[PDB]
Amino acid sequence: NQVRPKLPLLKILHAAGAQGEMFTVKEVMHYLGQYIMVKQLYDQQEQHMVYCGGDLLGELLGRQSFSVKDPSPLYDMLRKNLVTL
Amino acid sequence: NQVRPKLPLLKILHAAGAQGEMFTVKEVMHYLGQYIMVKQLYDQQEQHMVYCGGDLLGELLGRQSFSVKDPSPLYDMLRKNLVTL
Amino acid sequence: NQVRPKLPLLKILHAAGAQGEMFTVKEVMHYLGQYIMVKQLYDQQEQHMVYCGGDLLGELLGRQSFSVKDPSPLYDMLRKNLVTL
Amino acid sequence: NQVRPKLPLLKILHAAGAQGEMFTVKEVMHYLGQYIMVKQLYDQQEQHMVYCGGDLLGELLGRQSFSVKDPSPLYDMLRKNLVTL
Amino acid sequence: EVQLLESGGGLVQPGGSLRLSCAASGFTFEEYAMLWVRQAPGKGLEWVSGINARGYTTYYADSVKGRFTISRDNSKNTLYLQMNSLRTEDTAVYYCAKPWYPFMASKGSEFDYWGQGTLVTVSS
Amino acid sequence: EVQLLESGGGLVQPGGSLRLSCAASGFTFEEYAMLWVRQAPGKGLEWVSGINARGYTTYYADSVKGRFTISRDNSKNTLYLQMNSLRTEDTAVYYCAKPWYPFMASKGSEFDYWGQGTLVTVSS
Amino acid sequence: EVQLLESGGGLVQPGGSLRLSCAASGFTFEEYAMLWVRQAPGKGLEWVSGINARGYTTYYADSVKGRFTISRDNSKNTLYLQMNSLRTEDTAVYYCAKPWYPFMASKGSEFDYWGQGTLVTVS
Amino acid sequence: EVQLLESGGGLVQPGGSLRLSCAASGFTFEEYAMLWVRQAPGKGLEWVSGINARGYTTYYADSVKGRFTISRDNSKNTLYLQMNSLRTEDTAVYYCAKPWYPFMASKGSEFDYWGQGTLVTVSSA
Amino acid sequence: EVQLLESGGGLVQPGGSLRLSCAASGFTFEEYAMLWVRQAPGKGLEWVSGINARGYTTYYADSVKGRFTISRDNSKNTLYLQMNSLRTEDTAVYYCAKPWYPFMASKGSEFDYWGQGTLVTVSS
Amino acid sequence: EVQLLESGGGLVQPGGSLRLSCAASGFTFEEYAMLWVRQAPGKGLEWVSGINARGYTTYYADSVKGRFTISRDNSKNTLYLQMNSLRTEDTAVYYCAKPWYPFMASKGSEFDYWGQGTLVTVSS
Amino acid sequence: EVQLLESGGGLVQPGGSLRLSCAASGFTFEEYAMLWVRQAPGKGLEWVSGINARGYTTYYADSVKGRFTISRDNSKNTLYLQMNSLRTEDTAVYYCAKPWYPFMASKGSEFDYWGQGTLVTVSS
Amino acid sequence: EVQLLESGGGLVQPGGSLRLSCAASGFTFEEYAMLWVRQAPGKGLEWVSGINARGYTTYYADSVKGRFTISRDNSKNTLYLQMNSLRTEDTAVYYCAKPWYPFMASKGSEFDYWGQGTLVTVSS
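Q: I'd like a rundown of the overall build of chain E, residues and numbers included.
A: Assigned secondary structure in chain E consists of zero helices and 11 strands. Secondary structure elements of chain E, listed N to C terminal, follow the sequence β-β-β-β-β-β-β-β-β-β-β. Here the C-alpha atoms of chain E give a radius of gyration of 13 Å, agreeing with the 14 Å that 2.2 N^0.38 yields for 124 residues. When the backbone C-alpha atoms are referred to their principal axes, chain E occupies close to 40 × 25 × 25 Å. In chain E, which comprises 124 residues, the proportion classed as buried is 58%. Partitioning the contacts of chain E with sequence separation of at least 6, the portion at a separation of at least 24 is 59%.

Q: Account for the pairing of strand β8 (residues 78-83) of chain K, with residues named and values stated.
A: Residue and element names in this part refer to chain K. In terms of residue burial, β8 counts as a mostly covered element, since six of its six residues are buried. Burial along β8 is two-sided: the face carrying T78, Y80 and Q82 and the face carrying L79, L81 and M83 are both buried. Where strand β3 (residues 18-25) lies against β8, six bridges are found, and the strand directions are antiparallel. Each bridged residue has a counterpart across the sheet, and for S21 the counterpart in β8 is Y80. In terms of strand pairing, strand β7 (residues 68-73) meets β8 through six bridges, oriented antiparallel. The residue bridging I70 from the neighbouring strand is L81, located in β8. Counting the residues that bridge the hairpin from β7 to β8 gives four residues, and of these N77 lies at a positive phi of roughly 55°.

Q: Describe the pairing of strand β11 (residues 118-122) of chain E, listing the residues and the values that go with them.
A: Residue and element names in this part refer to chain E. In terms of burial, β11 is largely enclosed, as five of its five residues are buried. Both faces of β11 are covered, namely the face carrying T118, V120 and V122 and the face carrying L119 and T121. Of the strand pairs in this sheet, strand β2 (residues 10-12) and β11 are connected by three bridges, and their pairing is parallel. Pairing of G10 across the sheet is with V120, part of β11. Pairing geometry for strand β9 (residues 92-98) and β11, over three bridges, is antiparallel. Bridge pairing in β11 places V93 opposite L119.

Q: Explain the packing of aromatic side chains residue by residue, including any values.
A: Overall, the coordinates contain 50 aromatic pairs over all chains when judged by the stated rule. With centroids separated by 6.3 Å and ring planes inclined at 55°, the aromatic side chains of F27 of chain H and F29 of chain H adopt a geometry described as tilted. On the basis of relative accessibility, which here comes to 12%, the residue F27 of chain H falls in the buried class. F29 of chain H gets classed as buried once you look at its relative accessible area, which sits at 0%. Ring geometry for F103 of chain J and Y101 of chain K: centres 4.9 Å apart, planes at 75°, overall edge-to-face. In this pair, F103 of chain J sits in the loop between β9 (92-99) and β10 (111-114) while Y101 of chain K sits in the loop between β9 (92-99) and β10 (111-114), so the two residues belong to two different chains. Taken together, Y42 of chain A together with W100, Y101 and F103 of chain E form an aromatic cluster joined through their ring pairs.

Q: Could you give me a rundown of the nonpolar core, with the residues and numbers involved?
A: One finds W36 and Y94 of chain F to be the most contacted residues of the largest nonpolar core, which totals 72 residues. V3 and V50 of chain C, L78 of chain D together with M104 of chain H belong to the second largest nonpolar core, which has 65 residues in total.

Q: Let's hear about the interface of chain C and chain K: which residues, and what values?
A: Listed by partner, the interface residues are seven residues for chain C and seven residues for chain K. Of the roughly 740 Å² buried between chain C and chain K on both sides combined, carbon and sulfur atoms contribute 56%. Linking chain C with chain K are zero salt bridges. For the side of chain C that touches chain K, the secondary structure elements donating two or more residues are α4 (72-81) and β5 (82-84) of chain C. With three residues, the single largest contributor to the side of chain C that touches chain K is α4 of chain C. The residue inventory of the side of chain C that touches chain K, partitioned by class, reads four nonpolar, two polar and one charged.

Q: Describe the packing of helix α1 (residues 7-15) of chain C against helix α2 (residues 25-38) of chain C, with residues and values.
A: The relative placement of two packed helices is expressed as an angle between their axes plus a distance between the axes. Residues and elements named next belong to chain C. In contact at an axis separation of 8 Å, α1 and α2 are set at 65° when each is read in the N-to-C sense. Of the two possible hands of crossing, α1 and α2 adopt the one that is left-handed. Of α2, the residues touching α1 (which contributes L9, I12, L13 and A15) are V28, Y31, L32 and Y35.

Q: I'd like a description of the environment of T28 of chain G, backed by residues and values.
A: Structurally, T28 of chain G is set in the loop between β3 (18-25) and β4 (34-39). With relative accessibility at 16%, the residue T28 of chain G sits in the buried group. Expressed as a C-alpha distance, the spacing of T28 of chain G and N77 of chain G, which sit 49 residues apart in the sequence, is 8.6 Å. Among residues more than four places away in sequence, those in contact with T28 of chain G are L56 and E59 of chain A.

Q: An account of the arrangement of the chains is needed here, citing residue identities and associated values.
A: Among the 16 pairs of chains in contact, the pair with the most contacts is chains C and I. One finds no contact between chain B and chain F; the C-alpha atoms of the two approach each other to within 34 Å at their closest. No part of chain H reaches chain I; the closest C-alpha pair between them is 26 Å apart.

Q: Describe the side chain of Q82 of chain K, naming the residues involved and giving the relevant values.
A: Structurally, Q82 of chain K can be placed in strand β8. Beyond its immediate sequence surroundings of up to four residues, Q82 of chain K is in contact with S17, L18, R19, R67, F68 and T69 of chain K.

Q: Account for the sheet that holds strand β3 (residues 46-51) of chain D, with residues named and values stated.
A: All names here are of chain D. One open sheet accounts for three strands, arranged β2-β3-β4; its pairing is antiparallel. Of all strands in the sheet, those with a lone pairing partner are β2 (42-43) and β4 (65-67), marking the two edges. Pairing of β3 with β4, which is carried by three bridges, proceeds in the antiparallel orientation. Bridge pairing links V50 to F66 in β4.

Q: Please give an account of the sheet that holds strand β3 (residues 18-25) of chain J that cites residues and values.
A: Residues and elements named next belong to chain J. Strands sit in the order β1-β3-β8-β7 across an open sheet of four strands; the sheet is antiparallel. This sheet does not close on itself; its edge strands, each paired only once, are β1 (3-7) and β7 (68-73). Strand-to-strand twist across the sheet, computed as the mean angle between neighbouring axes with direction ignored, equals 15°.

Q: Which residues make up the interface of chain I and chain C, and what values do they have?
A: Contact with chain I, which involves 15 residues of that partner, is made by 20 residues of chain C. Approximately 1,600 Å² of surface area, both sides summed, lies buried where chain I meets chain C, with 67% of it carried by carbon and sulfur atoms. Our count for the contact surface shared by chain I and chain C stands at zero salt bridges. At the junction of chain I with chain C, the criterion picks out six residue pairs in polar contact. Residue composition of the side of chain I that touches chain C, grouped by class: 10 nonpolar, no polar and five charged.

Q: Outline the state of the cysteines, supporting the account with residue identities and numerical values.
A: Residue and element names in this part refer to chain F. For the coordinates displayed, the defined rule picks out eight disulfides over all chains. Between the sulfur of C22 and that of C96 lies a disulfide, 2.0 Å long from S to S. Judged by the sign of its S-S torsion, about -70°, the cystine formed by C22 and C96 is left-handed. Of this pair, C22 sits in strand β3 (residues 18-25) while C96 sits in strand β9 (residues 92-99), and the two are 74 residues apart along the sequence. Side by side, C22 and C96 carry an identical accessibility label, which is buried.

Q: Give me the lowdown on the pattern of salt bridges, citing residues and values where you can.
A: In total, this model carries 58 salt bridges over all chains according to the counting rule given. Taking the shortest distance from any N to any O, the salt bridge between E46 of chain F and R38 of chain F comes out at 2.9 Å. Its salt-bridge partner being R87 of chain L, residue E89 of chain L comes within 3.9 Å of it at the nearest N-O pair. Residue classification places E89 of chain L among the exposed residues on the basis of a relative accessible area of 52%. A residue is classified by how much of its surface remains accessible, and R87 of chain L, at 39% relative accessible area, is partly exposed. Ionic contacts of the salt-bridge type, sharing partners, join the residues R38, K43, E46, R67 and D90 of chain H into one network.

What counts, and at which threshold
Residues numbered from 1 in each chain as written, not as in the entry; some residues may be left out. Chains lettered and ligands numbered in written order. Heavy atoms only, no water. Helix = DSSP H or I, 4+ residues; strand = E, 2+ residues; numbered from the N terminus. Rg over C-alpha atoms; globule rule 2.2 N^0.38 Å. Buried < 20%, exposed > 50% of the residue type's maximum accessible area, 1.4 Å probe, protein only. Contact = heavy atoms within 4.5 Å. Pairing = 2+ DSSP bridges. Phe/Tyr/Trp six-rings, centres within 6.5 Å; stacked < 30°, edge-to-face > 60°. Core = buried A, V, L, I, M, F, W, Y, C linked by side-chain atoms within 4.5 Å. Buried area = accessible area lost by both parts, 1.4 Å probe. Salt bridge = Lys/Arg side-chain N within 4 Å of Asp/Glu carboxyl O. Nonpolar A, V, L, I, M, F, W, Y, C, P; charged D, E, K, R; others polar. Axes fitted to C-alpha atoms, helices over the stretch in contact; angles between N-to-C directions. Left-handed = near helix turned anticlockwise from the far one by under 90°. Polar contact = N/O pair within 3.5 Å; in protein donor to acceptor, adjacent residues only side chain to side chain. Disulfide = S-S within 2.5 Å.

Function cannot be read off these values alone, since they describe shape.
Set out below in structure tokens:
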């Protein structure tokens with residue numbers, strides 16, 4: 001199942017090292033994980049907490065922070081940013 | 001004032017993250033700038049040059065290559081693709 | 001004419017698939033070639049160059065790198081590591 | 001404190017890659033461990049058990065097998081083969 | 001391009017032990033927390049254990065606490081699960097898993113990658 | 001209540017043959033596709049073959065095509081694997097499995113239940 | 001959502017110096033070349049200078065070259081313009097502008113956003 | 001040429017935790033089982049824990065079993081000791097040790113190399 | 001266990017051509033660059049030509065440049081030397097050589113293995 | 001100035017015989033061991049026989065033992081090869097060779113010079 | 001023309017060490033294997049050690065194995081003999097020697113030239 | 001470790017000739033210019049001749065120009081001085097000398113090392 005990310009999401013993926021414009025949903029999430037790590041948006045002392053305020057990611061999600069234990073913010077963003085091919 | 005982009009242009013706008021069906025001209029152009037940038041349709045070394053042959057934008061412009069220093073192809077596209085509300 | 005490699009060299013030979021403890025000089029060199037290849041110590045862009053720093057081989061040779069176009073470092077290692085039987 | 005290993009032991013150490021004629025006791029034991037390992041004189045299923053029967057090492061220990069867990073046989077060899085300088 | 005290859009499974013009697021191995025490739029192993037999960041017959045996938053990238057922080061399900069030990073050797077791109085005092089209920093296909101989130105060592109997700117698994121059977 | 005019981009394992013020479021069977025109970029056998037998988041000593045799970053519920057559509061791993069034949073007898077609630085032209089690397093424990101979804105016969109089908117398996121050894 | 005707030009303008013004598021600032025929000029400042037444009041009495045918009053997104057390449061009108069200095073602090077989402085040896089000819093309303101085209105730093109356009117401006121008076 | 005550099009020690013409250021690290025060089029770390037040993041005030045060296053080269057077989061003194069975890073990252077030439085539920089009597093200098101015998105993970109020997117150590121102090125002070 | 005068997009040598013008149021072949025065995029042929037070298041009467045060994053493992057990159061001594069063509073067939077584990085515009089000076093025993101270093105295609109070494117050779121005679 | 005002229009080749013039937021001669025000049029013949037090698041049509045170099053400088057010690061390939069006899073006449077600077085009980089597989093061009101080292105008379109001896117050779121055909 | 005000159009000899013106690021050197025010229029040093037031999041007060045000639053031309057293969061008499069080390073520096077035209085744990089029986093004049101043939105480094109190599117020798121005396 | 005040893009000196013009549021040679025070792029001979037100097041009974045040192053490292057540029061004292069010829073053989077590590085139409089005042093001990101800097105072959109080159117010298121006496 002291939003998907004094509006809308007460009008605001010693609011931008012985040014490419015910044016994490018992704019190539020191209022088509023991906024599986026799993027690939028998208030793995031690049032998103034890479035992004036949060038390389039941009040160091042997580043709290044070192046509480047790594048499941050992501051502080052994305054003032055970052056592309058925060059603006060895309062419309063929030064300042066979130067827990068990767070609660071994927072609900074991510075579901076919303078995925079629905080709105082992935083076009084199934 | 002606000003405009004409604006013809007579906008062709010709207011698809012490009014939506015891919016760029018544009019929400020809704022009504023925009024101002026400055027909004028439309030902002031999104032187009034993002035579209036070109038993220039889809040890397042420009043020359044890394046000569047950034048004002050856009051090579052849009054092989055992209056759906058190239059069709060709308062009816063061109064393959066152009067410098068944004070020349071808005072002429074751009075005015076044409078806008079006229080054919082924006083409906084004033 | 002067999003030689004018995006000292007154990008630091010034998011270690012490298014076994015790692016490249018050699019069996020036993022006695023060899024001809026040519027067998028030693030052929031296994032060394034295999035070692036460099038399988039351990040990917042050569043430069044894919046400049047294959048005659050071997051970067052052995054941080055490898056058992058580098059430590060035996062006392063070198064970070066060397067070119068197979070100059071056998072000298074290999075001579076000294078053989079001298080210090082081959083016992084004629 | 002430096003020691004001179006008598007020739008029979010020295011030959012074992014040199015095979016192990018030792019350089020020179022004098023070592024510390026800890027240096028001697030380090031090379032011994034290396035010797036046992038590379039020559040695979042140990043039991044892969046019971047690695048503290050050394051089978052040195054047909055090896056020159058067996059001649060020094062005057063034994064055919066034994067466990068490294070008990071120093072006694074080692075101490076004996078050390079006493080008879082290290083000359084304090 | 002992510003690939004995970006589990007091995008080491010087999011048949012053992014209750015009280016016995018097994019060590020599972022997971023060979024990882026196609027991503028930067030040393031950047032990732034890693035998980036073991038398992039599926040017993042007729043049941044949903046159960047998270048079993050996890051370990052941080054640096055390998056000194058570990059997590060265990062209450063069901064295996066004190067009996068299983070997870071470890072990793074980044075230099076060999078390999079994850080291990082040492083299983084001792086095995087019980088009939090540990091019978092399952094065991095899977096190595098890469099989390100989508102690099103620091104997630106304590107829970108699985110729908111977005112994880114898994115290998116084909118290795119079968120563990122404990123009976124008698 | 002779901003039970004799958006493999007049998008028919010043994011020791012054979014390269015080029016030899018064995019017929020494996022799997023006796024199913026505790027569910028509506030004739031409604032489910034069924035699968036064979038195997039695990040060679042010290043390795044992991046490899047999907048071998050599958051067959052649809054009504055038993056006329058068959059699937060095979062490339063490594064066994066032409067040599068293995070899967071079939072079923074719904075009146076007896078039994079699944080078969082006929083293994084001809086056996087090779088050393090066919091050595092494995094073979095497991096019968098029921099998928100979670102009745103239509104899934106191919107590699108990667110989510111399992112529901114699988115048996116403890118039967119050992120097949122090919123050697124000279 | 002785009003917002004550009006100019007400040008630092010005021011009243012100076014021929015030869016003095018002012019430092020203009022522009023507080024940008026509603027978009028990714030660090031992605032955009034940014035522009036300074038101005039409007040003196042009786043005249044339309046004159047492009048004054050521009051700076052690339054990173055801040056290492058800068059452009060200037062000749063009438064202002066070797067006198068004004070453009071710069072940016074991406075951490076503070078702010079653009080600056082250093083006007084030294086000010087002239088009477090420089091009295092005008094100064095605007096910070098975001099180009100629709102992310103790499104356009106050498107000239108303005110009708111599709112750009114600009115702020116409400118800041119007033120500079122030299123005499 | 002062999003060096004073992006221990007660190008991570010400090011002062012902690014009873015029940016607290018600390019992680020020790022040992023940076024090894026001068027030998028092929030990935031070939032050797034490695035040990036942790038300790039010396040409390042007024043006593044001699046007590047063997048604490050050991051691990052095989054491959055990292056998946058570990059050994060522990062009864063006194064620390066269930067509280068300490070040994071691990072290693074060969075790619076970093078580093079040995080670790082995670083110490084939880086620390087007790088007053090865990091106070092000591094902790095040493096990293098390279099055994100003379102490459103497979104010896106369950107006990108120390110007088111022929112082993114050890115570092116200069118790292119000081120661990122457990123007290124409600 | 002390395003074995004190199006050259007053939008195709010013989011007698012030809014100046015201006016003539018001969019195709020030499022070399023059957024290689026006892027090593028992984030397709031992993032290795034391979035060489036031709038020759039020994040003329042009274043002279044020392046002379047490197048003649050070389051080719052990378054994959055068979056697409058070739059090298060030649062100035063003395064035979066433009067006249068000789070080296071090629072290989074990894075499927076047949078065979079190396080070839082097509083010799084055109086042959087001269088009196090090309091008289092020599094020609095040898096197929098395996099380099100100790102897998103990527104060395106441009107020069108011989110004292111450590112290479114050679115076959116027994118094939119005699120090439122050029123006279124009118 | 002060194003040269004070796006082989007002669008005496010011809011066509012004979014199986015069980016027939018031929019004597020080859022080799023005329024040497026340009027070096028001190030009686031100080032050098034000497035060799036015969038041959039090359040079958042389309043094949044490679046095969047060592048046949050060798051004799052020491054003083055002509056009392058002889059060496060032979062197992063393929064020609066008891067059938068071929070090597071000898072020399074130093075007063076004539078001539079080497080000989082008496083071939084009896086010839087066989088179809090003996091068909092070859094036969095070459096006289098002078099070793100680099102005066103004492104080398106056996107298989108493998110490094111050549112210094114060799115002649116253009118003489119053709120021997122053994123066909124019913 | 002050939003010139004060999006030995007130095008480094010002297011008086012030492014048992015267990016002591018000494019490093020002999022041999023200066024070579026008048027021929028191409030780097031093309032020749034080289035030897036050390038010795039002669040005690042009566043004794044006769046005894047071969048001690050040999051090294052190949054490029055200096056990577058070494059040979060020793062049993063009576064000095066493990067104690068003596070031969071080496072050379074072809075950039076300096078010098079041959080060395082490192083003598084450790086000297087024994088009374090090692091007392092002798094040591095000679096540097098060039099073989100008639102370049103490849104001869106073992107015992108019984110035909111001598112071409114040798115030096116005037118250097119006295120080594122081992123005793124209380 | 002440098003060693004230089006002169007030879008070839010002797011007694012000769014005026015108008016006669018002699019050829020001196022100098023054996024070098026302990027350094028890289030081919031990388032250094034080399035020198036000849038002389039000292040007549042008392043009379044102090046006098047530079048005679050020099051030659052560059054590669055042996056193609058020569059230098060002479062006016063007093064021997066046209067009569068003496070310097071040369072070297074880098075393959076033999078040997079320096080030569082050919083002395084023709086000798087004159088009574090050429091009488092002296094002749095010395096081989098290595099310069100401190102590799103390029104210095106002329107008068108006034110700083111010496112690094114020199115030989116013991118060889119006596120040349122020109123008279124009836």
